[PDB]
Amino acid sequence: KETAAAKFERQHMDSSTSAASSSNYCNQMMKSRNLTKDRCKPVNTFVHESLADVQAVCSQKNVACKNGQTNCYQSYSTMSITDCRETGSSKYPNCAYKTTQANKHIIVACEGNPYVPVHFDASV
């Protein structure tokens, strides 16, 4: 199936805009990236940086992942991100999300050759 590297790009990478234009960004993106197909994915972050800048996080600040693996990395710089979080009234199949625009460091798990992000751990 779709590799972990390609799933990370589908779920977390939106190079196309520098920031969330509208308050309907998350409603639109969560649909177009197949994150509301079977269920409403409750929480998801999109990174508004170049794929090259995000892939470079894999040679920045090595930290533990939430799951306790030690292949996680924190971006040295803050990045333009959008936090999508499902509303309290959201019911599948009519998934609804609050869009929150922010500048924060990202933490990603890196694996493979090439050594690229396969998991979005957190923003800080």
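Numbering starts at 1 and runs along the sequence shown. What we label the rigid core is the largest C-alpha set whose atoms superpose within 1.5 Å from one form to the other.
When the other structures are laid on the shown form by the rigid core, the stretch among 41 to 49 and 64 to 72 with the greater C-alpha deviation in 6 other deposited structures of this protein turns out to be 64 to 72. For the pair 31 to 39 and 51 to 59, greater average C-alpha departure from the shown form in 6 other deposited structures of this protein after core alignment is found in 31 to 39. Relative to its counterpart among 101 to 109 and 11 to 19, 11 to 19 has the higher mean temperature factor, C-alpha atoms as listed in the PDB entry. Two stretches are in play, 42 to 50 and 28 to 36, and the higher mean C-alpha B-factor belongs to 28 to 36. Of the residues listed, 55, 77, 89, 69, the entry assigns the biggest Cα temperature factor to 89. Ranked within its chain, residue 95 lands in the highest third, by CA B factor from the PDB record.
Among all modelled residues in this chain, the alpha-carbon of residue 124 has a temperature factor (C-alpha) in the highest third.
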